[PDB]
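Visitor: Take this structure first; my questions come after.
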Amino acid sequence: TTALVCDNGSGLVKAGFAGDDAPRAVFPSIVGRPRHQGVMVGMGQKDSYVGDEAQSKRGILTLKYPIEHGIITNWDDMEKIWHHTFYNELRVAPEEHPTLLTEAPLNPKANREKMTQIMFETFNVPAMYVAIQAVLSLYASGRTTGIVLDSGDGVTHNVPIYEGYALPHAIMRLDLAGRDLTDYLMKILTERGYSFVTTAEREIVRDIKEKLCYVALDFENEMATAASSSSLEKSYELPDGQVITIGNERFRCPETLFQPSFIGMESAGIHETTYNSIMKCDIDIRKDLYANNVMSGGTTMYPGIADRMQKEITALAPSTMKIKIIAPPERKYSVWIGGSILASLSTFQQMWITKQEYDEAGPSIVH
Amino acid sequence: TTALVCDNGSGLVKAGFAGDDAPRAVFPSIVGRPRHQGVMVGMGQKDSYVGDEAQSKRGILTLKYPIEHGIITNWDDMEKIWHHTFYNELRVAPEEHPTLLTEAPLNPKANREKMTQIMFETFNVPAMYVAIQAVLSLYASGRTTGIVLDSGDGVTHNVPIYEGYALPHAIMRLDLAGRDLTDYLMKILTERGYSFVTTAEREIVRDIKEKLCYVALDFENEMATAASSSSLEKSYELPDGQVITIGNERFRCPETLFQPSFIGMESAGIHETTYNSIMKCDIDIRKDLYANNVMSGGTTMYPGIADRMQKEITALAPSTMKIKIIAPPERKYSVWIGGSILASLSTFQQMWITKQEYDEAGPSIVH
Amino acid sequence: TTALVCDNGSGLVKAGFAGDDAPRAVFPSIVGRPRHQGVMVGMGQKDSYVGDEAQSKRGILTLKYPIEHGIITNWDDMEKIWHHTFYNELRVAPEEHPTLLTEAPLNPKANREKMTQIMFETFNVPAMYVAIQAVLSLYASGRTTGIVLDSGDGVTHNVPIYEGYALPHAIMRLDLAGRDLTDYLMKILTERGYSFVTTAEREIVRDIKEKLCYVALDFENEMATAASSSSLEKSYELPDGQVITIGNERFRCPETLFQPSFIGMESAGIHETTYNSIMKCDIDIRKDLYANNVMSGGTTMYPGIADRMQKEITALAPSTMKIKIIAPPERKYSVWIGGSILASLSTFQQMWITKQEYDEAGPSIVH
Ligand SMILES: Nc1ncnc2c1ncn2[C@@H]1O[C@H](COP(=O)(O)OP(=O)(O)O)[C@@H](O)[C@H]1O
Ligand SMILES: Nc1ncnc2c1ncn2[C@@H]1O[C@H](COP(=O)(O)OP(=O)(O)O)[C@@H](O)[C@H]1O
Ligand SMILES: Nc1ncnc2c1ncn2[C@@H]1O[C@H](COP(=O)(O)OP(=O)(O)O)[C@@H](O)[C@H]1O
């Protein structure tokens, strides 16, 4: 009876036992299906492939991310990767111990109900509970106060927290980064004549975004530092072995986070939406928030993301006030680290909802 | 009730029981007819001669290959050699056990319908099935993934296969090699004043192509190695006993496979049509294909065919990617070996189409 | 000094003066070369043949389309047909008046730079400008708002436009139809035993696609209306005079536009990619787009293309919303009609880029 904690994070899905610095299974969430006729009468093949099992054989497969923007669109597949994650990958019987379940702040409640559902009547679990993406970033980072920033592939949001008292009216969820950053990248790369568009190749694109993006850090002279002289163009061999040439859009793709007029969806931009989240907070409360903003999203490894937020957030706010963006490298597992902390420790053991409670009222109880 | 598996391969036709490393009957497909007046009132003679029965007595006979380019032009004769192959040669009653039937990838379906037909209403067979030339080369070679190359006398084609999921849109059939290689050879040999043109002598020509051709392997200095100094000219006694002198065209005849501007039919050439087949495949899928291309056609014994493909395919593709052309000597029976494997093993026993199915819908069901 | 407007459209290339309902030169874009030895010592022959000059004598020639998918792969030939189009065909000095130049929405900018280049230093032109395939379809159709659909031989794309404010993030370019539709047709016709594969004969195939294709319009019962009873099979005499039999694939070839699992390249299909373009547009903006979608591609004359889009687009979208697909017959010249409108009218006269501007900064200015 030890806690295992899993996440919905689209992208990679991450699950492991309580009391550990990293989950035992980290694999992308995909339900793949063959788009071609079976020749191998060898029925050793499968209906569909999930995770790395699918991620290994790609161009053959078609790829469906079940987690759209934090909301989960397709349930039938989604239960499979859970059905997998409990059995293969990390190998556990479905009934041992409860599970803390990561989940999105502002998403529709109908998300978490069917999800609490299929954690019971299909395969019964010794209770359950569902926390929020951000609230576990502090249990991980150990802070009590402070605003967060979370992105990941599922959705980008920030949840200012002070002494474990949330400020829900200030929670700002703008859906961006994540997948939507590649879909701009597949869009932009055609500048150099690379036509990448198919469901299976998309990840080949992503592994560019992984390797070289960073953040422009005042990309005015940066484009001119790209345009005029070329020192920053790097080449990336791709699974066939052919060279790719880049560097005008290397920084330019993540730059869209600060000007979503590149991607075309017009809302805010991520740097000041934290500010425009702070301003909605109280006058008193905000002094330390500027110092404590953690920015652990799981997207942002960009070498110089934090460095530009420093520049941009100081351009906002009164300059007399010290702002500190902590960028711990152990993030991208952070939201999971909180699980292996929160559920591991106690005073939470009565915060689970047992199958009783689901028999008590119903799925509506989690709210 | 044991499976016997036969092929359409024009050229030699090959048939034998399941579970064997080589068919029991390998004989060329010809329906011969006498072109002269019968003197022997001895009616012990026949209407027509088939296979080696014909191949023994040639200049007397006229030779008609019923299998044109994989497509079978003449049915009336074609059923005879089948009518033979079941009775004489390998001696079996027409009704014992089903038969797997080899057949061409891109050929018109009207090919395989009349062929499935005459496997029923004329002589009834306990079910049936028709596979593809290439798909059985992997069951033989044991590979699962990998692109093929098949030529034979019937037609040349390549069918990239990955985990027994075919890539039909990438199947490249260019009709070449086979018979059409001799018809260039009978064309080229007149260089030395050998006028070979008659239907019966054509095979005398072929037995040169059998013995000495190889492949030029960068035949730029090769022609100059032919022209300038003569070390490579070899002589071949022919059924009368007269010497033949060759060697400028020894390599030059199969060389046409890489430049079908010698034969005059302009399409591609065989080396890069595999490449131009690969490129049509997916970006991901293609890494291993370059390593796995089997080139088992039944034509290609040419000592140094594989050696030049190595040279030519590396001249294509990104050089950072390892390409491996496997050239197993057991080929030329390969496409049959697959039959004695596939049909021998099980999960295929329900993949036959019983005479029921032909009574169910009709010949259209095989598709 | 009157405007002449030309297009890149692969396929046919179309050019003519401003202020006209149709270009003065409509001829296919090919640079042909003889694949055989010259016998006529008569040097009256040429290095290469372009356009109809080539299109007249085909089997002799080899055919290279310089415009691949909107992108132009071969420049050296491409300048010839321009070099022709200015001199022969429409007969004009290279220096009279600027030229509006049609061009693809999402193609790499390196396309249009070398193209703006060779409009200056090789032959100098009184300024220049390059518009987009779609944006001129409204100036032709006279609409201001509305989404388009464009295909042609070069590439298929749709560019929703509202009050002359483009929605670039919603521009959906999937490369399909055009040439790639024949290459499936040459692939499919072998069903009936017609082996058409050579570079010169390809157009013989195309002239079938011209004559009889239409669109299946719910081709479920249609195939059964083909299979079961044969009323729709039509015959086409080909340049030798021999009959062709068709009709199972008559509708089936353009049908691939709605299911590119026939051609094998898996992306979307053209009917809903407009929908999946609309959905990416704003909630407000989309009411009228459904009414205004023009579908002028230059491919689509298919008798019943618009009729099935009606069926399919209504199957998508809320049914409470009126959708109207206008299919003006004057299209296929439409993208050119816009030129003879846009450039003819004024407020555009300062939108040209004079040779000054190219001397100002360089080719990078067009962006
Ligand atoms: N080094 C990196 N550079 C840029 N982007 C990255 C990097 N590492 C991960 N990402 C992006 O961040 C995502 C993290 O996904 P994940 O953390 O599972 O989402 P969530 O936070 O919703 O769980 C990856 O899928 C990838 O798209
Ligand atoms: N050693 C060799 N060298 C050159 N050509 C050969 C050699 N052996 C066979 N061939 C050619 O390859 C053909 C193989 O025919 P076959 O395998 O029956 O065609 P298919 O593959 O369609 O069944 C022979 O008919 C002959 O023309
Ligand atoms: N009546 C028709 N039926 C089917 N296809 C057609 C018909 N007319 C033209 N096409 C196809 O549409 C193409 C139009 O080419 P074009 O308009 O020059 O391309 P672009 O739009 O890029 O300029 C032709 O080359 C032909 O392939």
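Every chain in the structure tokens takes a letter, A first, then B, and so on in the order presented; its residues are numbered from 1, and the ligands are numbered from 1 following the presented order.
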Show me which residues line ligand 2, defined as having an atom within 7 Å of a ligand atom where only C-alpha atoms and all ligand atoms count, and present them as a list in words.

Guide: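 Counting only what the definition allows, namely only C-alpha atoms and all ligand atoms, the set is residues 7, 8, 9, 10, 11, 12, 13, 70, 150, 151, 152, 153, 154, 155, 178, 179, 206, 209, 210, 211, 213, 297, 298, 299, 300, 301, 302, 332 and 333 of chain B.
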
Visitor: Any idea which chain B residues end up within 10 Å of chain C if we count only C-alpha atoms, as a PyMOL selection string please?

Guide: chain B and resi 71+106-111+167-175+261+264-268+280-282

Visitor: Please compute the CA of residue 123 in chain B-CA of residue 94 in chain B distance, one decimal, in Å.

Guide: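 Between CA of residue 123 in chain B and CA of residue 94 in chain B the gap works out to 6.8 Å.
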
Visitor: Within 10 Å of residue 289 in chain C, counting only C-alpha atoms, which residues qualify if same-chain residues fewer than 5 places away don't, as a PyMOL selection string?

Guide: chain C and resi 145-148+160-162+274-275+278+281+294+322-325

Visitor: Determine which residues of range 257-293 of chain B DSSP labels as helix (DSSP H, G or I) from the backbone of this structure, then write them out as a PyMOL selection string.

Guide: chain B and resi 270-278+286-292

Visitor: What is the distance between CA of residue 61 in chain B and CA of residue 28 in chain B, in Å to one decimal?

Guide: 14.5 Å

Visitor: Could you tell me, as a list in words, which residues of range 154-315 of chain C DSSP assigns to strand (DSSP E or B) when given the backbone?

Guide: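 Strand (DSSP E or B) assignments inside range 154-315 of chain C correspond to residues 156, 157, 158, 161, 162, 165, 166, 172, 173, 174, 235 and 245 of chain C.
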
Visitor: Filtering to N, CA and C atoms, could you give me those residues as a short mmCIF file (atom, residue, chain, number, x, y, z; two decimals), in the first residue's frame?

Guide:
data_model
loop_
_atom_site.label_atom_id
_atom_site.label_comp_id
_atom_site.auth_asym_id
_atom_site.auth_seq_id
_atom_site.Cartn_x
_atom_site.Cartn_y
_atom_site.Cartn_z
N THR C 156 -2.26 22.61 -53.60
CA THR C 156 -3.59 22.94 -53.12
C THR C 156 -3.49 23.69 -51.81
N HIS C 157 -4.26 24.76 -51.70
CA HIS C 157 -4.26 25.57 -50.49
C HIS C 157 -5.56 26.34 -50.42
N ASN C 158 -5.88 26.83 -49.22
CA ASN C 158 -7.03 27.69 -49.03
C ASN C 158 -6.67 28.82 -48.08
N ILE C 161 -10.13 34.93 -46.46
CA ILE C 161 -9.93 36.37 -46.52
C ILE C 161 -11.20 37.05 -46.03
N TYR C 162 -11.03 38.12 -45.26
CA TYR C 162 -12.16 38.89 -44.77
C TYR C 162 -11.81 40.36 -44.93
N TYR C 165 -8.35 41.51 -45.23
CA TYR C 165 -7.43 41.25 -44.14
C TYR C 165 -7.25 39.75 -44.04
N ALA C 166 -6.07 39.28 -44.44
CA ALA C 166 -5.81 37.85 -44.48
C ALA C 166 -5.76 37.28 -43.08
N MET C 172 -4.17 27.01 -44.86
CA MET C 172 -3.91 25.57 -44.88
C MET C 172 -3.48 25.17 -46.28
N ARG C 173 -2.21 24.81 -46.41
CA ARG C 173 -1.65 24.30 -47.65
C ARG C 173 -1.36 22.81 -47.48
N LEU C 174 -2.12 21.98 -48.17
CA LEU C 174 -1.80 20.57 -48.30
C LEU C 174 -1.53 20.29 -49.77
N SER C 235 -15.47 5.04 -73.16
CA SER C 235 -14.27 4.68 -73.88
C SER C 235 -13.60 5.93 -74.44
N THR C 245 -10.98 1.33 -71.89
CA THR C 245 -12.17 1.08 -71.09
C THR C 245 -11.89 1.45 -69.64
#

Visitor: Of the candidates C:287, C:97, C:331, C:84, which shows the shortest atom-to-atom distance to ligand 3, using only C-alpha atoms and all ligand atoms?

Guide: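 Of C:287, C:97, C:331, C:84, the one nearest ligand 3 is C:331, counting only C-alpha atoms and all ligand atoms.
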
Visitor: Mind checking which residues fall within 7 Å of residue 131 in chain B, counting only C-alpha atoms, ignoring those fewer than 3 positions away in the same chain, and posting them as a PyMOL selection string?

Guide: chain B and resi 100-103

Visitor: Looking at only C-alpha atoms, which of C:309, C:43, C:31, C:25 is the one that sits closest to residue 88 in chain C?

Guide: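 Result for the nearest residue to residue 88 in chain C: C:25.
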
Visitor: Given only C-alpha atoms and all ligand atoms as the basis, pick out the residue of A:310, A:116, A:354, A:29 nearest to ligand 1.

Guide: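 Of the candidates, the smallest distance to ligand 1 is held by A:29.
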
Visitor: Could you check which of A:134, A:366, A:305, A:15 is closest to residue 218 in chain A, using only C-alpha atoms?

Guide: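 Nearest candidate to residue 218 in chain A out of A:134, A:366, A:305, A:15: A:305.
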
Visitor: Nearest to ligand 1: which of A:180, A:284, A:121, A:359 is it, counting only C-alpha atoms and all ligand atoms?

Guide: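 The shortest atom-to-atom distance to ligand 1 comes from A:180.
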
Visitor: Grab the CA of residue 85 in chain A to atom 16 (P, counted along the ligand's line) of ligand 1 distance for me, in Å with one decimal place.

Guide: 16.1 Å

Visitor: Considering only C-alpha atoms and all ligand atoms, can you say which of A:243, A:306, A:335, A:41 comes closest to ligand 1?

Guide: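 For ligand 1, the nearest of the given residues is A:335.
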